[PDB]
Every structure is written in structure tokens, then in C-alpha cells.
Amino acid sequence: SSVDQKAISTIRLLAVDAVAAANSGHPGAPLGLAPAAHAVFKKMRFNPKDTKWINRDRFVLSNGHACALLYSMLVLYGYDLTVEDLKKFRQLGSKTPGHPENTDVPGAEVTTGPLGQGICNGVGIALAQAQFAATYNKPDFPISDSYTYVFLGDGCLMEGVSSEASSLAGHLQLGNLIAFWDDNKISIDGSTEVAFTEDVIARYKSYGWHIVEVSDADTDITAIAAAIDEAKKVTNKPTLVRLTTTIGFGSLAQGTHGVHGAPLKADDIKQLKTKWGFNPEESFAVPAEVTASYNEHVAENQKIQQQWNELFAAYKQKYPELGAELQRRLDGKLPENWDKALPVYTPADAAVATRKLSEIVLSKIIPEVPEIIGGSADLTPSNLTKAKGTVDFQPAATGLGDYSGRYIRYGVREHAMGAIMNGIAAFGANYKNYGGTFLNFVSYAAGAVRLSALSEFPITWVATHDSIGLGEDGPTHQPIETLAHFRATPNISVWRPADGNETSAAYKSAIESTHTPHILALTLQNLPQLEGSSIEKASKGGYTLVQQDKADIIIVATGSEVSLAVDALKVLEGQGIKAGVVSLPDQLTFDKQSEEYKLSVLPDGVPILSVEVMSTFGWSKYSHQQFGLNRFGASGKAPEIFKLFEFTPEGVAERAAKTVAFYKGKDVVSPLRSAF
């Protein structure tokens, strides 16, 4: 009868019809959460005609399988998504994929579906919003005062990544974050009683969250709206709103785990429509009264943005410096000549570990580039990720930092750090944010890292202690598979810089990135500055370090093994073998160079040996023979481990000589060549 009721029914039936058209997808949660979605979007400020408005409230569907729900909202509010797109739910080439993709779906802030991720992304959006507001807001100029709204399900609450992020969100007193738990007592295996009996509310209170409970979230949208208002009044705690719902509300199978992930039966859909006043013979129906009511909210929001645009214009006049910086960031541009701050080295400079070179880079570029923030997962004094003179990101009320701070104490929470980094990037305003841990424990965060790549987010991992080079901590800490794993993931730039100049190139890439996450693999041990390295050469991803016109062999290497390759070249000289050396600091950047550039670095007609003290996987793209480490490491002094595995000038030279012998009297084509 009310237009709110009609809208809720419309949302539910659009979602059910999308799933029916695909004969695939999940109608249960969309049916149970449509009342909450309606209430939340009515409280949100957003512009369907400007999905990038920096002061929009953000919505994250963390239970992303429910995405027919998200798409229905975006269609009804006039985003660049139509009923015809809904009819193509889960079909190849459509803008309505089975789980929302921020690269494809207008109004999808992040890519969700893998459970636990969205809520952590929302923590990051709210973290960025707090940092952004603390940086730019002035008296009478609330440039940023937006909220982050997250829908999540029981599964999200079982995933450890969400515990990590919720502990940290409570610690950070993020009162700009409002999360909604779909408390429907059903997961995929059946009742939550079989595996999930914890006192969720008590746990969230233990993190410092504020709680509002809505006992009838099936129908009481007034209570949902009041819970939002109450959440906003509690400015020093993130709020969890418990929505007690009936999964699949209205279905003959409502409240049972059948409605979870299977299209409804035809007769079920027919009785749904009839009892709510819709035509059972019609699909994808949109009552004009619903879109009119929604259009009114859009019009109010567009007026709010217009007033915000005038506020921003007045801000730029009263604070021309801050206003120009803000305009620049909103345009997606770094400061002019920011890269003049990158340090440059020569072979007369001392040997330095690349974790220490990384600390130096950050010390130089953080003052120059305000949109850089980052932190470490409780390894700040080992990753060397904090630039002296910056303040930690903390609620001012704690005395430990300020929301304008730029260094984040993630604690021992690698996975959530990864997903929060995705949320900070997703906020926009050109944030270029980073997170430090040991390379071997980036793997803890694999779920989020692959979503960085799929989402095209320019986040950066500062991943130190990259190999057996770390020594005594031993094989539980020493990467073997790690670079192969992320190099095999599409759209990850995996930098393993060999020296000072290469480390500057890696940061030049990571900070200028707009669509590609970075992992910087950095050493504990000191490496010499190379003859022939430079920022601009290393910026090609792969380059000729030692050019040898009459090469018997080219040794291609990365990181700490480039200096090793050069030392092996000298041993080979003594044997009358002429070797060239290629440094390959990033395979992805190299791969995207022109074919003729790539073939000049790895030409035809010379055998190529790769040297890297980790897995040989991937290396046949660039080499004919691979010298690597395909077993776990060992606890001991690093030089002794290298000796044991013959990663020595003589050990490399021996294998280079055997590689030359292997191909003697056979002509060889570049490993870059492919039959198709």
C-alpha cells in the first residue's frame, strides 16, 4: 500500500526475476535484505550521474552473492545500469556479473563475493574518509563527512579476515562506519547452529563497537532508519546493526536454506508476485511510483552535491593551496615533478639492503605526495615502512596519533591489511597506499591480493625479508613459491629491485600506478650499487645491465641475484666465456613493453640462464635454463645457506658453462618466441 512497501516488493521481485532469467544465483539474501537496502539507500547521499563524487556515502555489499540485490538498487536509482542489463544477470559480457565488479558495474565501490572481503573494504573506505576529512576539513568547510554502509552475512562473520578488520575498526573508533549483519540463522550447510554458535554481539562489543538490534528487519524499516540515526550519534565507535530477517522472505521456502543459492520454482515466483500485487505473468516490472519516489531522493542528493560543489569552490578561494591539492587529487594526478624526490645512487655509494633503500624512498616521497599513507602488520621496525616525522593514524582521543596521521598500525593482521588497503584505494582521491610485512606472509593475505588485481587497485605491498637471504629465521619465513604465485596472478606488478636505483624505479611504478597493484620484494641483506643501473632503465621492467655483443650466454636475474650474476660473469671471463647480464626487476612491466624492446633484452641466438633464489616457475618465459630453489630453505647464516645451495659466483658460472655446452652447435631462438 505505501510506496515504501511497493519499492521493497519491486526490489525483491527484480532480484528474483534476475536469478530466474539466469537460472543461477542466490535469491534468499536479496529477499531478506530488501527492506534494509531500501531504508539504507534512502538515508544515503549519492549521485547516479556522478559515481565519483568524493563526499558520497559508500555502500558495500560484502555478502556479494546477494548482488542481484545491489543491481536492483542501482537500476531503480538510475545508475548506468538498466532492466535489460538485469535480464542479462550472470551472462557472458553483461554488466551484471554473478558477483559485483568495481571495474564493470557502475556504483560498485569494490569487487566482493569472496566472503569477509567487503566488510574489510568498508573499514578501509572509512579509514580513508577519516584521514581525508582530517586532512582537508576546515571550520565551516566540511569537505568530507560521508559514511560507509556495509551489508554482511553470517559467513562474513566466520571469516578471520573480518575479525581482524573489526578489531582494528573498533580500536580506531571509526564512527563513520555502519555495518549491518543479516542475522538469518542460515548458511550454506544449513542452520548456523551446526558451526556458528558464538555470541556475535558480545564479540563486537569486545572490539569496542556500538550495537543496535532490529528484531523485525523483515518489516520495521522505521527501526532500521532509527538504528542508522543512532549509529551516527555514536561518533567514537563503529556500529553493528543486527538485522534479524527471514531468508527468502515471501518464498514458500522462506526461512530454509533451500532459498539460499538456487533459483525459485516457477509457482513460488508466481505466488510471490500475486500476494504483493504484481502480475505473475510479468517479469522485471518497475512500478512508476517507485522510480518516481527514488527519483525524488536522487534530486535531493544532486542538490546536495551541487551545494558541495559550491562549498568546494569557496574552499579553493579561501585556501587556494589546499584547494589546488584537493582538485589535483580528485583529478587523479600526482604532484608535478613528484619523482624529482626519488633518490639516485652510483656505484661509488655503499652497499645497502633494499628494505633500507625503501625506507629512504618513503622518507623522501611521503613529504612530497600527500595521498601516500600506509602502515605495517606489526613489523614496522623490520619492514622500515614509517618515515620519521609522520604521525600515526589514531583517534585523537587515544593520545597515540590523530586521524590526519599517515602511518597505520595494522597489528598482526596481514589479510585485513590487504583488504583495508583495497578499501583505501577504493575511496578515491588518488590515494596511493601501502602495507608492510615479510614477503612470506603476504601469502596470509592472498584472498585480498588477488582482489587488488581483479579490482585494478594501485595498492602496494612493502614485502621485506624476501628470501633465504634473511638467514636464521629459517624455512617457515623464507619465500620459495611466493613470487611465482603472484606473478601468475593477472595484473600484479612484482618488483624485486637489485639496488638503490632499481628500488626508486619500483616506487616510481607503484606510486604512478592507476590500475595495477604492486608487490615490492625487498632484502634484509646489503646489496652493492650496480654499474649500469638507473631509475629510467629499471622503469622498463627488464633491461640490459651488462651488454656483451659476442655473448656466449645471457644471465637474467632479479634482486639480490643480479650482483651474483655479475660476479659469475667475472668467473666466466676467467674461463674464456663471455656473458651478458639482464636485470628483470618487474616481469609484468617488462611483458608490456614492445616486442622489439623485449627482444633486444632477450634476443635470439644466445642461450639464457635465469638465476633467482626461489621457485623456477615462470622463468621459461625469459630463459632456456633456470637456476633456482625448488625446496624449502633452512635455518642458518645466510652466506652458508647460499653456499650450501651453490648460489655463489662459481656455482652460477658452472651452470652457465653447462648451459653453453648444452646448446653447443645448435642455434637458439629467444624464449620470448611463441608459436601462437
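All residue numbers refer to positions in the sequence shown, first residue = 1.
- Once the C-alpha B-factors are averaged per stretch, 526-534 and 151-159 rank with 526-534 first.
- The stretch 546-554 shows the higher mean C-alpha B-factor when 515-523 is compared against 546-554 in the entry.
- For the set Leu240, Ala165, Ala341, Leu439, the PDB entry puts the maximum C-alpha B factor at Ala341.
- The PDB entry assigns the greatest CA B-factor among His260, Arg406, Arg355, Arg413 to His260.
- The deposited CA B-factor of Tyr622 belongs to the highest third of values across its chain.
- In this PDB entry, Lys570 carries a Cα temperature factor that places it within the highest third of its chain's modelled residues.
- In the PDB entry, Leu564 places in the middle third of its chain by CA B-factor.
- Sort the chain's modelled residues by C-alpha temperature factor and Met614 lands in the middle third, per the entry.
- In the deposited entry, the Cα temperature factor of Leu252 sits in the top third of values across the chain's modelled residues.
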